[PDB]
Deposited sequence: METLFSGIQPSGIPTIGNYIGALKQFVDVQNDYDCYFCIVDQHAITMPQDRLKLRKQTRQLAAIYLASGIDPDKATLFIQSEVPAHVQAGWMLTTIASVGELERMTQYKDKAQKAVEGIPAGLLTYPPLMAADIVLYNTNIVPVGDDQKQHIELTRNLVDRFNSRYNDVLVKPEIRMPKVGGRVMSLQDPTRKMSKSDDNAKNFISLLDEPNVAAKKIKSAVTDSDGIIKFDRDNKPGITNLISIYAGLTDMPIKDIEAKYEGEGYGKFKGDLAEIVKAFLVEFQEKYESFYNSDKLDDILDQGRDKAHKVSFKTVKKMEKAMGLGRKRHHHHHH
């Protein structure tokens, strides 16, 4: 089984576009890949963070992942700071990185040093679990290139212990776009909140967002990205939440116009969110969430401890015992 590692920032709610694009996909591929979902609280404090909200946001992301169907027995869901191996391996790889390498990543009151020194810690996050694949976007290509180079450097200078990962998402979800700007990806931090549907949006608010999506006044329900990106995006969301094949959506709405389809889809979005948020609340407000995160932490520790031990031995840190 190939090992997958996804680092999750605890600084904002995934949208329905995030869920159709990755989360729902992870819920499937966790059966066929050894999956690591790391809530990277130590990467989050490289950026401005409010101390009193950060713990909450970390609990929210774990709750969202679990409510999506991320399964704590099949996968390893854990918080980064709770597994010391991350800053242990991250310091080790920082020593073999170069200032220039780190500086070129920042190009692709003072400037907080975490924004400069996080890339070796990201590399450590991945290789600690002998990761084969990382499902990241093109904005992280430099980070994986640095990771592979640090793995080559480490193995060549000390001895082969670390695994080079590849960027790879085993099952790419459909692309969901901004509801009032269908050429851009949907983003949780849009200034126009009608552009995204958050997984924690009020369900009624989210149906209104479907009704407010920018489309032609009417038309056929047909998939056509280039000419009708507005209705097409809506059809992609319909597909993502129902699992209806797109051609099967076209058949169901043959002879129907936008009013019927948008009304139906808004009810689908509403219903998905009512079900998702009830699962989300029951995870977020339960004592067992702390047990689940403890188990995840323990599983990540048992694997990365061996990795960090091999690294320390290879570099001559610590003691032979």
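Gaps between the deposited sequence and the modelled coordinates occur at 109-116, 330-335, listed in sequence order.
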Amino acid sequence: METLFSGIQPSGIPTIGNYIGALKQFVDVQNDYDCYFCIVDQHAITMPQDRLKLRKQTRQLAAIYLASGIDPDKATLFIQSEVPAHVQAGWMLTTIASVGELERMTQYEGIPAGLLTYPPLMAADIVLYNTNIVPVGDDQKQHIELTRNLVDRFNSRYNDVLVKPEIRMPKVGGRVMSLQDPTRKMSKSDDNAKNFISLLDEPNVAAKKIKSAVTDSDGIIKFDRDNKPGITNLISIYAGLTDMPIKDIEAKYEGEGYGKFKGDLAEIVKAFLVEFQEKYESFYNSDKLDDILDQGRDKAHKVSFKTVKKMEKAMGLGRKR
From here on, numbers count along this sequence of modelled residues.
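As the entry records it, the average C-alpha temperature factor is higher for 222-230, out of 120-128 and 222-230.
The stretch with the higher mean CA B factor, choosing between 279-287 and 36-44, is 279-287. Looking at 148, 247, 86, 168, the one whose CA carries the top B-factor in the deposited record is 247.
Highest CA B-factor among 152, 139, 202, 82, as stated in the entry: 139.
In the deposited entry, the Cα temperature factor of residue 270 sits in the middle third of values across the chain's modelled residues. When the modelled residues of the chain are ordered by C-alpha B-factor, residue 55 sits in the lowest third. Among the modelled residues of its chain, residue 189 has a C-alpha B-factor that falls in the highest third, as given in the PDB entry. Split the chain's modelled residues into thirds by C-alpha temperature factor. Residue 21 is in the middle one. For residue 49, the recorded CA temperature factor ranks within the highest third of the chain's modelled residues.
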